[PDB]
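One chain comes next, on its own, written out as structure tokens in the form deposited in one PDB entry.
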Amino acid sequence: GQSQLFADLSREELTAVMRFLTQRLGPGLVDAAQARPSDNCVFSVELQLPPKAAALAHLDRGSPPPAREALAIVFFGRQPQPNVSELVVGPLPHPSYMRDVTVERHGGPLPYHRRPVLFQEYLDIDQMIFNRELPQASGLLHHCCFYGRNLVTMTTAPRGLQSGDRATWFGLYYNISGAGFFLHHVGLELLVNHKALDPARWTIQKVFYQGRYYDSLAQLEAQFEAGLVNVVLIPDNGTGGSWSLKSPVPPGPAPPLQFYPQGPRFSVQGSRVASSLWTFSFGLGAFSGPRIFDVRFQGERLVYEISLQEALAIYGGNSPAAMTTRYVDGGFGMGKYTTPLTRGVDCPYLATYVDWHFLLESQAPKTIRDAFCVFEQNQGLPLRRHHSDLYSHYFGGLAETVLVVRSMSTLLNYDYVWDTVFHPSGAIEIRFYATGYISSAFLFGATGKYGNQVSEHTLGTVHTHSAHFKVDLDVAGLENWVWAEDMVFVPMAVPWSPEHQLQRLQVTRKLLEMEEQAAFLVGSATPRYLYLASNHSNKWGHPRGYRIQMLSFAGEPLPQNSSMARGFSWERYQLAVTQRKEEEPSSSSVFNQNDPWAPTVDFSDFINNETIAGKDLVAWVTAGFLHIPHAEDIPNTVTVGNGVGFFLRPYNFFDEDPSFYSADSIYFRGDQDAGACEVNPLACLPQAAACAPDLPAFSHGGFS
């Protein structure tokens, strides 16, 4: 079955679904890029992933491929009871039908306040701030901040305190040219209430300046002019790090460069990457972000899907913005906020780079150039090696080379790096880095219970990062069990001197039967060897397994006591294994960010006391850390040590190490000529086999 079922929609296919929806949605249908709250609107159109039954029927058993469909989110603002609605639209490329799956999926209409804040909304909010509200305090603002074209606004987190609220705290910052404005908070923060569908009716519920609450910007300017406010002059320009990214040092000799001496050893065709060892499909959800499907090692499928589900950032702090802030980044979109990869910085210069197409908050499809990069990377390490000077004189090794796919999501200040790396041993590593700029507060007072001073007038606010992954392993077929292997010591008499005691080392295997048993809380310890496995077995008779191996420094999760916690229930777990249902496609939702108190998807609902003894299983992995900012996070947070993710590793899945059969392996005996070419491939790189290519002239995918 040779189709590309998992490919993100092309631009024709988006135009096609747009044309279709235009014609059929009633007249009065506004473009989303200019829409007001009471308008109608196509928010999003993206690929609707196919149901698994049908997909595998095609891929494995040759049946016809399932209708390729799209899913549009529609803001219905023009009516007595405004709803959000999800509609499926197919088949592609010539759509002929549309049904409204909203009720059928979340049992009821979608409250209109759950909708993401549109780009027009943010723009209206700024008209309200800069034109109507902020000149009421123009005296204060001359005095402190060089006064509304030099200042600039930034959003927060959940918007309110209570299901249905839509009130956001907004920070104010100097509009720094050519570097991060995120460091130069001016101390002013405005709780805006924009729940109403008429922007004229929008209020400013509270105000916060340098330590103090006020009821309005008027009453702040009353108190300023009455001489009753100690105001702090915050510089406006400066130099190095806090103000720049451009290094003052001039370029020196060049760093090392990697090249393929005789052509590449893989190919990308559409959504499908293929190599001597690995074959897989890849994509970005608009909200979910990265994903790969149909991963096959030497022709056998290991995983149906691996895909980011959510990223979280829980903050604390002095100011109301920082202590309210819980970003659920799916609500903005890890795909929407993807950004071009800059060649030679984000991936190796000779990597192959791929575009990504999308239709969000517009009516034309746009394209993000160089959104993904795929490459083979020599790691420096040997994968494996042994040198025998003992009894027999030989050497046998293999340098590890690895296959890689990378996107980067720039969510305001943060640049998330998402890596999916494919080892020649049959292992799959998922990785998640955070760089970019820190979300900062204005430095004031009881600092230190809440973070570190990091520049003049700048607090680095404490926060946690957590991220969720879905790992739908299909280990040797759909029917899988989970096993927990570990270890134990048993006091025993030494057999041949019973007078003497010895501490006896033993393996421990428990087969986990129920969802509740394989759900592991953050804080609880957890089996050293945990793997999903098969009815089937390898040559020596052990169940065929793939083994999850985590890499987390997890923060304490937001306590359960909180009304908000439900919107990201998944943070509380390290790992959970679950019966994989069509009704349960995802862990979070775009709709949880703006109403986590009545969550649109609640992940703890999935762990519900069913068997996981021989069913189609799906593993859910949380990974993250705590981050007390510090001075070396200026200008940017750095990758080193901040890799988090997991390994999927073979455990009695094969009969031997597949890399035994590698084309790149190296062997020689003591009695051989190790530097003769017929014995050793490495002895010909010099003779002839050299010659770095001419390079492609540099290009860049641009900006908005």
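Residues that one form lacks are left out of the comparison. We call the rigid core the largest set of C-alpha positions that still match within 1.5 Å between the two forms. Residue numbers here begin at 1 and follow the sequence given.
Of the other entries that cover residues on both sides, do at least a third skip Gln4? In none of the comparable entries (those modelling both sides of it) is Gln4 left without coordinates.
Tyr353-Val354 interval: deposited residues absent from the model: The entry leaves nothing out here.
On average, are the C-alpha B-factors higher in 408-416 or in 193-201? Per the PDB record, 193-201.
Per the record, averaged over C-alpha atoms, which has the higher B-factor: 485-493 or 223-231? Stretch with the higher mean C-alpha B-factor: 223-231.
Highest CA temperature factor in the entry: which of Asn452, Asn150, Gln298, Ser569? Of the options given, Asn150 has the highest CA B-factor in the PDB entry.
Candidate set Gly139, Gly283, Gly333, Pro256 [ranked by C-alpha B-factor, highest]: Going by the entry's C-alpha B-factors, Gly139 comes out highest.
Quick check for you: using the entry's CA B-factors within this chain, is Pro158 in the lowest, middle or highest third? Middle third.
Compare the C-alpha B factor of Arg68 with those of the other modelled residues in its chain, then answer lowest, middle or highest third. Its C-alpha B-factor belongs to the middle third of this chain's values.
Going by the recorded CA B-factors, say which third of the chain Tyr546 sits in, lowest, middle or highest. Its C-alpha B-factor belongs to the lowest third of this chain's values.
Going by the recorded CA B-factors, say which third of the chain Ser44 sits in, lowest, middle or highest. Ranked within chain, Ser44 CA B lands in the middle tercile.
What third of the chain, by the recorded C-alpha B-factor, contains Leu188? Middle third.
Beyond what is shown, the protein has a form deposited in another entry; the following relates to that form.
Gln687: Cα shift of 2 Å or greater between this form and the one not shown (core-aligned): Comparing the forms between this form and the one not shown, which are aligned on their rigid core, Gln687 does shift its C-alpha by 2 Å or more.
Mind checking the CA-CA distance of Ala351 and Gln687 in the other entry? It differs by 3 Å or more from this form, so is it closer or farther? So the answer is closer.
Closer or farther: how do the CA atoms of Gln262 and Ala690 lie in the other entry, compared with the form shown, if the change is at least 3 Å? Those two alpha carbons end up farther apart in the other entry.
Consecutive-residue runs (3+) with Cα displacement of 2 Å or more between this form and the one not shown, core aligned: The run that moves is 686-694, and no other.
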